[PDB]
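Each remark here refers to the structure printed beneath this line.
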Amino acid sequence: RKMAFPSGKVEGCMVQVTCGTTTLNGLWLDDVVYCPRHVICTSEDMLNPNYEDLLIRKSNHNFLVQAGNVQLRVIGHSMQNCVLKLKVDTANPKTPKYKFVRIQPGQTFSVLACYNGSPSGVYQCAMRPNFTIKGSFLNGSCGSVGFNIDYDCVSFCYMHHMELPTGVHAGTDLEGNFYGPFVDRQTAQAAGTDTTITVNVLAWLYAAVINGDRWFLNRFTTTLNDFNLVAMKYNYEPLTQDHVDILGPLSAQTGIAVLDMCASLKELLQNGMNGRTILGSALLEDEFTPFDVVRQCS
Amino acid sequence: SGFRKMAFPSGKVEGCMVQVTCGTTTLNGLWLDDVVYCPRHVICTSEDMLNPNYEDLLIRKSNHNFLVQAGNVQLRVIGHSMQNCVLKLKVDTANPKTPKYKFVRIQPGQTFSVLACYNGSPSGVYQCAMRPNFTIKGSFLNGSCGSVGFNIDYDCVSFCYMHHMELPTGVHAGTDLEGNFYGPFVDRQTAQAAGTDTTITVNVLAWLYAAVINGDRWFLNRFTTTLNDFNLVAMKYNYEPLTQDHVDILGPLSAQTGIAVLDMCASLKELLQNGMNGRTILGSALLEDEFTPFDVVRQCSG
Ligand SMILES: *[C@H](O)[C@H](C[C@@H]1CCNC1=O)NC(=O)[C@H](CC(C)C)NC(=O)OCC1CCC(F)(F)CC1
Ligand SMILES: *[C@H](O)[C@H](C[C@@H]1CCNC1=O)NC(=O)[C@H](CC(C)C)NC(=O)OCC1CCC(F)(F)CC1
């Protein structure tokens, strides 16, 4: 089961930010609201926006920030890469313990999808190898955030900025740097060739074994390098020795050596699944990490 | 592709989760106003689990036997009663985080969010579909009982599920918040069989409407059917028969696409009888049955 983190600590931070006729979401931590800087653009700016030039011309009173029924007074603003930081006169009392992190491709995070500053859904996503995410984001979702929770600390890793023509999504970390080669201008942008997160597929196969599903296993083994040759042929990410180590606990628990599971996955890539399904799925799932699988077995 | 299982934000429910302990048995409870709701089998020992005498077990209990805690803070119990398979513990403090709420009993095919909890602490949130045999495919471990399933409409939380047990096949069973089990199950430590599962027809039809909304409509044909005729055919392919309520909840998607429900039923009947023929719908040769008409509207139209 693809499981998201409980979203309560993040819901208490979502606000609505408006400039002119553009409305999106902001993240209110302490006395600062973070949001995508493209809220300051008009239609006639969106194609090549000189954001520093646009921002020096804005006044504090041009930003309308609403937390529920309350308006928050903006008392200063600055820009950090693609994120606007609005200083407000009030501290958010619901601010959790938090940090800002930049996640690696193949890592997963929960998305709290918001519209008009109101949370609407929560779901799990992975940072794709090509630095897109396969999200569910509609108009007005910008400023929705992705996060992980460790103990009582919320680690914010993603803020939503745009959709690509293929229907996948792109955004930044909370320092405002995009993941991937994307730019916050209103243009049709393609991503690099995506690849499949091999260590995650292996984690998921182990999960299927842990739940009594093992039709895809076989008697064979493979070397790491020979596996990686076939993996790259099928546009799967290479498996590193650190990946093999990370899979150690699932390997121990199931009694199935990592390179044995690699030989199972090699068979599935070359032979297909031929009708069969694994954990309900007709496709190999690659948005469960080893940690995710273990968190949900313990 | 295009669609994913999306849960409701869990914060309003997180603010109601507590733990309820009898002896060394700890499970989760739901604290709303000055009442805590939880599975009655918290009052059981292992010697009593094969066929507990819940009525006698409850007479032996007093208020001071129940440890209710929000985090590490004890909530004093001032009354107790049993309603079907749920224990209702009156407490001396009204939960200040109580949302607007209602208790609803859902129908098979309906989806809901589960906030999986252990020792009163949330671990994760995910969407579940109530199968036609009244089981769900949850991710529940020991200590998860009392976790709840819910939907959120406006600012109102509709609680529909409380978790009680696992079946030999690995699926899960539970009650509504009035303590009435979904399906033929009972809260005893015994092996119980779920009915053979079937495919959720109304959700498959929702999925076909979703495909049409997205411009994927090769499968629409020029014919219609009666509901009875479709139901008789559908049963032969292990699809659930449609109810009048199912026809009604497809109303909004029917109006959005202009395709009458019974016309879509005729298109589905042809897929069942003739198969996909190596074709796909929304990228898959498999028909999805875990997205309700409401789920589809939420993700197509927001
Ligand atoms: C912010 O709410 C919004 C979110 C997207 C709208 C629909 N789904 C989304 O995720 N973001 C934007 O509108 C950006 C703003 C730019 C200044 C970055 N633009 C955008 O996402 O454009 C969408 C594509 C659609 C296809 C296309 F070819 F026309 C090019 C742009
Ligand atoms: C409450 O936390 C717990 C939840 C289950 C533990 C593991 N996964 C779960 O969903 N519920 C129980 O332990 C119930 C208690 C009874 C009084 C209802 N018992 C139970 O779920 O038993 C599981 C079955 C498994 C198949 C079997 F044949 F072995 C018979 C017992």
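Line order of the protein sequences matches chains A and B.
The first sequence runs contiguously to residue 301 in the entry's author numbering.
The second sequence runs contiguously to residue 302 in the entry's author numbering.
Think of the CB as a built atom: it goes at the ideal place given N, C-alpha and C, for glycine as much as any other residue.
Original post:
What is the DSSP secondary structure of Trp218 of chain B, counted as helix, strand or coil?
Top reply: coil
Subject >> Near-chain A residues of the segment 258-289 of chain B (beta-carbon distance less than 9 Å), N- to C-terminal order >> reply: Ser284, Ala285, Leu286
**OP:** Measure how close the beta-carbons of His172 of chain B and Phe140 of chain B come, nearest whole angstrom, since I'm counting them as under 8 Å.
**Re:** 6 Å
**OP:** State the beta-bridge partners of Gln127 of chain A as determined by DSSP.
**Re:** A:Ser113
Original post:
Measuring from the CB of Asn142 of chain A, is there a heavy atom of ligand 1 at a distance below 6 Å?
Top reply: yes
**OP:** Go through its chain and collect everything with a Cβ distance to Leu167 of chain B's Cβ below 7 Å, but skip five positions before and after it.
**Re:** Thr135, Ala173, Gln192, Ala194
Original post:
DSSP state of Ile152 of chain B, grouped into three classes?
Top reply: strand
Subject >> Local conformation of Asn28 of chain A per DSSP, three classes >> reply: strand
Original post:
Mind checking whether the beta-carbon of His41 of chain A lies closer than 6 Å to any heavy atom of ligand 1?
Top reply: yes
Subject >> At least three beta-carbon pairs within less than 8 Å, the segment 251-263 of chain B to the segment 203-211 of chain B >> reply: yes
Original post:
Would the beta-carbon of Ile200 of chain B fall within 7 Å of that of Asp295 of chain B?
Top reply: no
Original post:
So does the segment 93-113 of chain B actually touch the segment 39-54 of chain B, counting three or more Cβ pairs closer than 8 Å?
Top reply: no
**OP:** Output, in chain order, the set of chain A residues within a Cβ distance shorter than 9 Å of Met165 of chain B.
**Re:** Under the 9 Å cutoff, chain A gives no residues; its nearest Cβ is about 17 Å from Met165 of chain B.
Subject >> Under 9 Å (Cβ pairs) to chain B, residues found in the segment 202-225 of chain A >> reply: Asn214, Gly215
Subject >> Own chain, CB closer than 6 Å to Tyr237 of chain A, minus 5 neighbours either side, in chain order >> reply: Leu272
Original post:
Are the Cβ atoms of residue 2 of chain A and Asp197 of chain A separated by less than 7 Å?
Top reply: Residue 2 of chain A lies beyond the range of chain A shown here (4 to 301); nothing can be said about it.
Original post:
Can you list, in chain order, the residues of the segment 11-34 of chain B whose Cβ is nearer than 9 Å to any Cβ on chain A?
Top reply: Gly11, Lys12, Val13, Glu14, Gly15
**OP:** Kindly say whether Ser147 of chain A, judged by its beta-carbon, lies nearer than 7 Å to any beta-carbon of chain B.
**Re:** no
**OP:** Report the partner residues of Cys38 of chain B according to the DSSP bridge assignment.
**Re:** B:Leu87
Subject >> Nearest residue (CA-CA) to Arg76 of chain A, options A:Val86, A:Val35, A:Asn84, A:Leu287 >> reply: A:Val35
Subject >> Integer-rounded CB distance, given that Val114 of chain A should sit under 8 Å from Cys38 of chain A >> reply: About 16 Å separates the two Cβ atoms, so there is no contact after all.
Original post:
To which residues of the same chain is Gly23 of chain A closer than 7 Å at the C-beta, ignoring the five residues directly before and after it?
Top reply: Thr45
Subject >> Secondary structure of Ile281 of chain A, DSSP reduced to three states >> reply: strand
Original post:
In its own chain, which residues sit with a C-beta less than 7 Å from the C-beta of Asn221 of chain B, not counting the 5 before and 5 after it?
Top reply: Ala266, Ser267, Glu270
**OP:** Would you mind reading off the limits of the beta strand (DSSP E) that contains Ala70 of chain A?
**Re:** 67-70
Original post:
Among B:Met6, B:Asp245, B:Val157, B:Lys97, which has the Cα closest to the Cα of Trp31 of chain B?
Top reply: B:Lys97
Original post:
Are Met82 of chain A and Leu50 of chain A close, meaning C-beta to C-beta below 7 Å?
Top reply: no
Subject >> Contacts of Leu115 of chain B in chain A (Cβ-Cβ under 8 Å) >> reply: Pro9
Subject >> Burial state of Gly79 of chain A (16 or more Cβ within 10 Å) >> reply: exposed
Original post:
From this set, A:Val297, A:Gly278, A:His246, which residue's C-alpha is nearest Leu253 of chain A's C-alpha?
Top reply: A:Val297
Original post:
When DSSP labels each residue in this structure, what does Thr21 of chain A get in the three-state scheme?
Top reply: strand
Original post:
Any heavy atom of ligand 1 within a distance shorter than 6 Å of the CB on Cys145 of chain A?
Top reply: yes
Original post:
Secondary structure at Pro122 of chain B, three-state DSSP: helix, strand or coil?
Top reply: strand
Original post:
Would you report the Cα separation of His164 of chain A and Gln19 of chain A, rounded to the nearest angstrom?
Top reply: 15 Å
Original post:
From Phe223 of chain A to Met264 of chain A, what does the alpha carbon distance come to, in whole angstroms?
Top reply: 9 Å
Subject >> Cutoff 8 Å; reference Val204 of chain A; Cβ partners in own chain excluding five residues on either side >> reply: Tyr239, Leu268, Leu287, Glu288, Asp289
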